[PDB]
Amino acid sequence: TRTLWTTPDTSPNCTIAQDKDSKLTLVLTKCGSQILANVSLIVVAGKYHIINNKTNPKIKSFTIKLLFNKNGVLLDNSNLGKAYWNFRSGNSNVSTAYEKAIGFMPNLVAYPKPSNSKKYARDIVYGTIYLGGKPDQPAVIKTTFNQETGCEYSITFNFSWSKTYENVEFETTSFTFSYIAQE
């Protein structure tokens, strides 16, 4: 079982500001010691669905958190819903919730939890995606590994933008990255 994913449909699966306000599409493919990751976001309703920074000058970022336990199982305080995250079966998920996915977790030696030791930047990957596929509508996607509390592992996606957008729907192009696997 080599791919954990959200199913690539458009059905809301994620809660940023209000219940099921978004569809996160995330595909994690195990290539041995690295996980190959592909992500995009469609916000379907609520506060982040249409950005207007004339109306709301300070609405410039938000975060989606995936929190995992010692067995790599998604925790319910995650923004992504548990029902929607599983190993691939065809164009869907297997019908039964998985019990172990440690091989897909971000490596804790590469990406340690917060402590009193010096924090290094290598637990971050920066990328840029484009709202509505327009090259003049960039938004930064910052991905951080294992920096959340209340979990053994975490992947967080912070979305932010510096431009003053006026009535721009928040739905994105796709971005690929990788990270070092725990096992």
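Quick note: we count residues from 1 along the sequence shown, nothing fancier. Whichever C-alpha set is largest while still superposing within 1.5 Å between the two forms counts as the rigid core.
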**OP:** Please work out whether 113-121 or 66-74 has the higher root mean square C-alpha deviation in 9 other deposited structures of this protein relative to the shown form, with the rigid core as fitting region?
**Re:** 113-121
**OP:** State which stretch shows the higher mean Cα B factor in the entry: 138-146 or 52-60.
**Re:** 52-60
Subject >> Given 129-137 and 112-120, the range whose Cα B-factors average higher in the PDB entry >> reply: 112-120
**OP:** Could you look up the Cα B-factor of residue 69 in the entry and say which third of the chain it sits in: lowest, middle or highest?
**Re:** middle
Original post:
How does residue 25 rank on Cα B-factor within its chain, lowest, middle or highest third?
Top reply: lowest
Original post:
Considering only modelled residues of the same chain, in which third does the CA B-factor of residue 31 rank: lowest, middle or highest?
Top reply: highest
Original post:
What third of its chain's C-alpha B-factors does residue 166 belong to: lowest, middle or highest?
Top reply: highest
Original post:
In terms of the CA temperature factor given in the entry, to which third of its chain does residue 13 belong: lowest, middle or highest?
Top reply: middle
